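Here is how the chains run, residue by residue.
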4 protein chains.
Amino acid sequence: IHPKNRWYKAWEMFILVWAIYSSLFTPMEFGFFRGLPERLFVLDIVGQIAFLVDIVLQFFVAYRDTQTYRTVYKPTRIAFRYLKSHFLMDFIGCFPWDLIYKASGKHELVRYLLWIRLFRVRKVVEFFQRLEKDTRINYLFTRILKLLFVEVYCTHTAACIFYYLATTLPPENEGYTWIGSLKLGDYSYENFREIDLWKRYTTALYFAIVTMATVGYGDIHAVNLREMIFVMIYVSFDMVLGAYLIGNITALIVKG
Amino acid sequence: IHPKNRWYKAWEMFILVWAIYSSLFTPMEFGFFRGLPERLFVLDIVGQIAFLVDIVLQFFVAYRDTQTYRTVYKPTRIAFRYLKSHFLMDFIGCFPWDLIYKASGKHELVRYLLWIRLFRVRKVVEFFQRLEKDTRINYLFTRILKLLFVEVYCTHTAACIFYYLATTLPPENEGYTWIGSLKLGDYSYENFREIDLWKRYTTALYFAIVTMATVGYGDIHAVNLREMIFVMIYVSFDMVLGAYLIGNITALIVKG
Amino acid sequence: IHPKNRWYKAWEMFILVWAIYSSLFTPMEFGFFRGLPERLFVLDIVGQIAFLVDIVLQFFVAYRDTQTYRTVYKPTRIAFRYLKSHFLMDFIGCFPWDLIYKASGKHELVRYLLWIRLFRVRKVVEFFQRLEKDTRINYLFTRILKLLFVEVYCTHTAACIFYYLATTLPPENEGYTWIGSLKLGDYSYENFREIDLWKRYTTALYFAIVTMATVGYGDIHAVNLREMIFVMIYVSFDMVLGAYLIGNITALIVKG
Amino acid sequence: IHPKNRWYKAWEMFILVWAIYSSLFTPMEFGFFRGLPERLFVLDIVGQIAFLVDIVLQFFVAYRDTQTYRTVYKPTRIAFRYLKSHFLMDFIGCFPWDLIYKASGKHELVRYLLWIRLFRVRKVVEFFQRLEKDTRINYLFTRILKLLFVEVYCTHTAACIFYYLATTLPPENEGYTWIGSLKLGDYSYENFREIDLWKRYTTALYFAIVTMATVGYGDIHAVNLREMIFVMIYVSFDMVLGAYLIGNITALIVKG
Ligand SMILES: [K+]
Ligand SMILES: [K+]
């Protein structure tokens, strides 16, 4: 269909909302939750069918050729472009993956793969690129907004992994972990696997946002080797991200 | 009355001092104090009548039209301008609000409303923009001064809220709070509701200025969920504020 | 004498070295030491007579007028300049001030005044100006070097005051202090007034350089109200200093 | 031999890998290891003969004269260039130094000399300069990459020294040290000289990466005087390195 189709824009925004949800919830699902409770099952079904329908619509939509100004309309050409660009990855990240893990003898390697659903963030960067090409905004403000969104997103998906790393150890050796050795005030996170989900998520995101901003109170810190190797990796990338953010903001201020 | 009235400058500078006081004391009043002691009774009344006199004077004063260079004088449209722009908010933030709370069965929701007095910082930013207009100072130095004042002000108004959040919990569950769990040296902040006001304010502002500068010693930290959700919100905004400040300073140096 | 007197350069560098010593040792003398031991007495005498000889030499030197290019040689005007500019402040900070304190009943207010010797840092500032006007170097590199020297100097003079603030409290109430409540490893700084001078200086400068760089480990922190009010003042100025340093470095890189 | 020799490029890239290994392993060898185990015997010999072969090949390679565009070819002047340039240091840092220490009655001063092998990073900066002159990449991206590599390298070589400083103290006075006084979770680093090599390296690099990024959790900190004097030196240089990195990134962003 014509890219300028007015309902196609509404479909794009709907898919954007679903992609935002599926990129903010996938790291939580791999992390805090293990084998999702039966309540959120319908959410999984709805998301997967919605993204499959998006795949079909992409298969049935016309595109603008990049070599020259030529809005092509031949179905085979768009089919080759889609199949060669990213069609395989999205389809692989479209099968219900929780179901496979829950069926095939609860194997952790299967659950180690819903990370591939992170490819849905391509929709978000697509929207950022579209907003850039709009002349209403400036070249740099789009870059700063994109950089800030990426920093905030990597912070949440780093908090999720940082909590996950606490579940790798057996639940007898829980004292030798970032959570389970925590003692804030008069509250001890002894059996952290049994606390409310939101308490654990807030505790794990506290650590991530007092490091992405380089405050580091030190009330929550890595205790194992896995967690140390993860913290050094996280900070060595957040530093470059923050440097880029500061550089872009300064460039916006200088260009006037 | 003409804007160039020489006593009008004196009135503006006097209202500026009152606005500074009412913007640096409102978060303290919502925070550390609860139902202001009888000693400070007269100060509230004096401030409210002073700001009401400012309101009526703003009603009876000429303005400069923004569409074109016209120093207009006709009262009806100056009245309409005042009414639509900000007349409602200042008047709502002009009623004695401590009195209403102390009368109507000490309801916390009433006390949750003096935050509306923060609109008086409009006078401060008005002065900053006026100094921006003056050719005595540069375009960027005004921006750096404004950004530094906003950072320092939000730090104090964040310290006040951070202390307040420790008073939401009942005073039996006092050991699970940012304060009351503190132990500095050989001094334990056990009954923090009973310590001298200035000790509590200094302790709470210490935390705010060792996070606004991103030092984070870690001797004072969030312990509850409210306090964590507040610290993550505070740092995620102070980071952007500091990035903007650094960018503006760098731009001033570059264009220098 | 002629400003281009070749031995006058040697005298200027000699005075510069003495100014370095007297600006890096005055805060230590006000701080860690109280009523200097008899050993360093000759050092005090030599320093004061050296600066008095500098006073008389500057009284007996010619200058170049600032209103226009006029190397004036008339004694009355060259005397009037130094009389009105800084003769008083350089001379009050030239009397032996330790002797007065040790004589007049060991009064602390007298010892609270050798801070006036810090005006000798204007010699270092003038040296930086001399390096600036020289075309051998760039305009910005001089600024970055000056900024880095000021940052490092204020760090040492902040460490000295931070240790001094620990001596204001009586030596019974010593546990309620940043030092005396310290416990690093298995070493407890119990009687901190009796430890070796260099241990105390290194401990106090550790804190200053892990805050001037905004690291803040948190092993050393303010415990009283004096120390908190001092730390908030120190960080709120080191932040601006670091922002200025980063801006100047970025400007040098950009203009390069 | 003509510098444009195609096998000479392969030899240069091979010596580059060896230089990477010898610059990332020398600080570890001076640090964590003391008198390398017999297993790693062959690696040292292979490296030293490889660098000796590089030295003789440099003695038998043609070079480009810097005064004018002249690809000289006469062996005497290439020999003079080598001898006057950095050749003695390469030879001194080519003798097996572990062997000398293990033979000459295990004297620590001999082991204090393999630091001279750090001159091999000259090959890495040679490659960075070659990449700079290649027009494929920009002038600033080369500088940012070089700055980031230097920061990351100095962080590892600072972690190695920070662990080494823990071995200077006798193993009875082990509690008064940054490691050996550590207590992370329920694991106490009591006999730190007996833990696995990789645990100690990760623990010491954790500290270095959470200070090079200025996070400073405070779970690992200096306890002695040696370690404090080292931390103040490390931070006062990492700050300038980070400022330079931010400035270069900002200059790249502004340059468009
Ligand atoms: K920090
Ligand atoms: K800390």
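Residues numbered from 1 in each chain as written, not as in the entry; some residues may be left out. Chains lettered and ligands numbered in written order. Heavy atoms only, no water.

Structure determination for this PDB entry was carried out by cryo-EM, with a resolution of 3.20 Å recorded in the header.

Asks: Help me understand unusual backbone geometry in this model?
Replies: Phi at B:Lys106 takes a positive value of approximately 45°, unusual for a residue other than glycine. Assessed through its relative accessible area of 54%, B:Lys106 is described here as exposed. Unusually for a residue other than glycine, D:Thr214 sits at a positive phi of about 55°. Note on placement: D:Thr214 falls in the loop between helix 9 (197-212) and helix 10 (225-255). (Buried < 20%, exposed > 50% of the residue type's maximum accessible area, 1.4 Å probe, protein only. Helix = DSSP H or I, 4+ residues; strand = E, 2+ residues; numbered from the N terminus.)

Asks: Help me out: how do you make sense of the interface of chain B and chain A in this one?
Replies: For an interface, size is often stated in terms of accessible area lost upon the parts coming together. Counting residues at the interface gives 33 residues for chain B and 28 residues for chain A. Of all residues in chain B, B:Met228, B:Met232 and B:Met239 give up the largest surface area on contact with chain A, accounting jointly for 22% of the area buried on that side. Linking chain B to chain A there are zero salt bridges. At the boundary of chain B and chain A, one finds three residue pairs in polar contact. Those elements that place two or more of their residues in the side of chain B that touches chain A are helix 7 (139-164) and helix 9 (225-255) of chain B. Across the side of chain B that touches chain A, the residue classes break down as 20 nonpolar, 11 polar and two charged. (Contact = heavy atoms within 4.5 Å. Buried area = accessible area lost by both parts, 1.4 Å probe. Salt bridge = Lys/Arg side-chain N within 4 Å of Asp/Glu carboxyl O. Polar contact = N/O pair within 3.5 Å; in protein donor to acceptor, adjacent residues only side chain to side chain. Nonpolar A, V, L, I, M, F, W, Y, C, P; charged D, E, K, R; others polar.)

Asks: Would you mind showing me how to read the packing of aromatic side chains here?
Replies: Applying the stated rule across the entire model yields 111 aromatic pairs over all chains. On the numbers, 5.6 Å between centres and 65° between planes, the contact of B:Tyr187 with C:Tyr176 is edge-to-face. Of the two residues, B:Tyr187 is situated in strand 2 (residues 187-188) and C:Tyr176 in the loop between helix 8 (139-168) and strand 1 (183-184); the pairing between them involves two chains. By relative accessible area, C:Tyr176 is classed as buried at 18%. Ring centres of D:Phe87 and D:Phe91 lie 6.5 Å apart, and the angle between their planes is 15°; this geometry places the pair in the stacked category. Judged by relative accessible area, which is 18%, D:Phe87 ranks as buried. (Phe/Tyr/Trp six-rings, centres within 6.5 Å; stacked < 30°, edge-to-face > 60°.)

Asks: Is there a simple way to think about the interface of chain C and chain D in this case?
Replies: Between chain C and chain D, the residue contacts involve 27 residues of the former and 32 residues of the latter. The contact between chain C and chain D buries some 2400 Å² in all, and 75% of this surface belongs to carbon and sulfur atoms. Its largest share of buried area at the contact with chain D, chain C owes to C:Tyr206, C:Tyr217 and C:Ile253, together 28% of the area lost on that side. Taken together, the links from chain C to chain D amount to zero salt bridges.

Asks: Please clarify how the UniProt feature "intramembrane region" in chain A should be interpreted in this entry.
Replies: Under the feature "intramembrane region", the UniProt entry names residues 203-222 of chain A. Within the segment residues 203-222 of chain A, helix and strand shares are 35% and 0% respectively, and the terminal C-alpha atoms sit 13 Å apart. (UniProt positions renumbered as here; feature names shortened; annotations may be inferred.)

Asks: Honestly, the coordination of the potassium ion (ligand 2) in this entry has me stumped. Any pointers?
Replies: Each donor-metal-donor angle in an ideal tetrahedron of four donors is 109.5 degrees, and each such angle in an ideal octahedron of six donors is either 90 or 180 degrees. Protein ligation of the potassium ion (ligand 2) involves A:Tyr217 (O), B:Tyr217 (O), C:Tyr217 (O) and D:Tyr217 (O), the donor distances falling in the range 2.5 Å. One end of the pair, B:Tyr217, is in the loop between helix 8 (197-209) and helix 9; the other, D:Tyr217, is in the loop between helix 9 and helix 10, on a second chain. Taking the relative accessible area as the measure of exposure, D:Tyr217 reaches 1% and is therefore buried. (Donors = N, O, S within 2.8 Å, 3.2 Å for Na, K, Ca; no water.)

Asks: Can you walk me through the UniProt feature "transmembrane region" in chain A in this structure?
Replies: Residue and element names in this part refer to chain A. Feature annotation in UniProt places "transmembrane region" on residues 13-33, 41-61, 85-105, 112-132, 147-167 and 229-249, given in this structure's numbering. Segment residues 41-61 splits into 90% helix and 0% strand. End C-alpha atoms: 30 Å apart. From the first C-alpha to the last, residues 147-167 spans 31 Å; its make-up is 100% helix and 0% strand.

Asks: I would appreciate a short explanation of a nonpolar patch on the surface in the present structure.
Replies: Residue and element names in this part refer to chain D. A cluster of nonpolar side chains, namely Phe 41, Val 42, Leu 43, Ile 45, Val 46, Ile 49, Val 53, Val 56, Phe 59, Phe 80, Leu 83 and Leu 99, defines an oily patch on the protein surface of about 1000 Å² accessible area. Those elements that provide at least two residues to the nonpolar patch are helix 2 (41-59) and helix 3 (75-84). Broken down by element, the residue count for the nonpolar patch peaks at nine residues, all from helix 2. (Patch = residues over 30% accessible without salt bridge, like charges linked within 9 Å, V, L, I, M, F, W, Y side chains within 5 Å. Areas by Shrake-Rupley, 256 points an atom, 1.4 Å probe, with all protein chains shown as cover.)

Asks: Is there a simple way to think about the arrangement of the chains in this case?
Replies: The two units chain A and chain C are non-contacting; their minimal C-alpha-C-alpha distance is 8 Å. Nowhere do chain B and chain D come into contact; their C-alpha atoms are at least 8 Å apart.

Asks: Hey, could you run me through the packing of helix 1 (residues 6-30) of chain D against helix 2 of chain D in this one?
Replies: Any two packed helices are characterised by the angle at which their axes cross and by the distance between the axes. Residue and element names in this part refer to chain D. Closest axis-to-axis distance for the helix 1/helix 2 pair is 11 Å, and the angle between their directions is 135°. One way to sum up the angle between helix 1 and helix 2 is to call them oblique. In this structure, the crossing between helix 1 and helix 2 has a hand that is left-handed. Of the residues in helix 2, those in contact with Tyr 8, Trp 11, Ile 15, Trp 18, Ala 19, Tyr 21, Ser 22 and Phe 25 of helix 1 are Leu 43, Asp 44, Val 46, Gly 47, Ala 50, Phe 51, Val 53, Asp 54, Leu 57 and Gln 58. In terms of residue class, the contact of helix 1 with helix 2 is made up of 13 nonpolar, three polar and two charged. (Axes fitted to C-alpha atoms, helices over the stretch in contact; angles between N-to-C directions. Parallel < 35°, antiparallel > 145°, perpendicular 65-115°, else oblique. Left-handed = near helix turned anticlockwise from the far one by under 90°.)

Asks: Got a minute to help me understand empty space enclosed by the protein in this structure?
Replies: If a probe as big as a water molecule is rolled over the atoms, it shows which places are left empty. In this structure the tally under the stated criterion is nine cavities of 30 Å³ or more. Forming the boundary of the largest cavity are 43 residues, of which A:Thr214, A:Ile246, B:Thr214, D:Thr214 and D:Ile246 lie nearest the centre. Of all the secondary structure elements, the ones that give two or more residues to the lining of the largest cavity are helix 10 (226-255) of chain A, helix 9 of chain B, helix 10 (225-255) of chain C together with helix 10 of chain D. Tallying contributions element by element places helix 10 of chain A first for the lining of the largest cavity, with seven residues. (1 Å grid on protein atoms, 1.4 Å probe; cavity = no way out; pocket = protein on both sides within 12 Å on 5 of 7 lines; lining within 4 Å. Points joined across faces, edges and corners; volume = space filled by probe spheres on them.)

Asks: I would appreciate a short explanation of the domain arrangement of chain A in the present structure.
Replies: All names here are of chain A. Per the domain assignment, the segments of chain A are domain 1 (1-134) and domain 2 (138-256). Inter-centroid distance (C-alpha atoms) of domain 1 to domain 2 is 26 Å. Facing the 19 residues of domain 1 at the interface are 19 residues of domain 2. In total, domain 1 and domain 2 occlude about 1800 Å² of area from one another, counting both sides; carbon and sulfur atoms represent 75% of this. Broken down residue by residue, the surface that domain 1 buries against domain 2 is led by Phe 32, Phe 128 and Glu 132, which jointly contribute 41%. In this assembly, domain 1 and domain 2 are joined by zero salt bridges. Looking at the side of domain 1 that touches domain 2, the elements that each hand over two or more residues are helix 1 (6-30), helix 6 (108-111) and helix 7 (121-133). (Domains from an automatic or database assignment.)

Asks: Would you explain the relation of the copies chain B and chain A in this entry?
Replies: The second copy of the chain is related to the first by a rotation about an axis and a shift along the axis. The two copies are related by a screw motion: chain B maps onto chain A through a turn of 90° and a shift of 0.0 Å along the axis, at an RMSD of 0.2 Å. Both copies are brought into coincidence by an operation consistent with a four-fold rotation axis. (Least-squares fit on C-alpha atoms.)

Asks: How should helix 3 (residues 75-92) of chain B be read in this particular structure?
Replies: Since one α-helical turn is 3.6 residues long, residues separated by three or four positions face the same way. The largest bend along helix 3 of chain B measures about 65° and falls at B:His86. Of all the residues in helix 3 of chain B, the buried ones are B:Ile78, B:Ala79, B:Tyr82 and B:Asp90. (Bend = angle between axes of the 7 residues up to and from the residue.)

Asks: So what exactly am I meant to see when it comes to the packing of helix 1 (residues 6-30) of chain B against helix 7 of chain B here?
Replies: Residue and element names in this part refer to chain B. Remark: helix 1 packs on helix 7, axes separated minimally by 8 Å, with the N-to-C direction vectors making an angle of 10°. Relative to helix 7, helix 1 is oriented roughly parallel. Across from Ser 23, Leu 24, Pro 27, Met 28 and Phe 30 in helix 1, the residues of helix 7 making contact are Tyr 153, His 156, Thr 157, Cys 160 and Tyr 164. When its residues are assigned to classes, the contact of helix 1 with helix 7 shows seven nonpolar, three polar and no charged.

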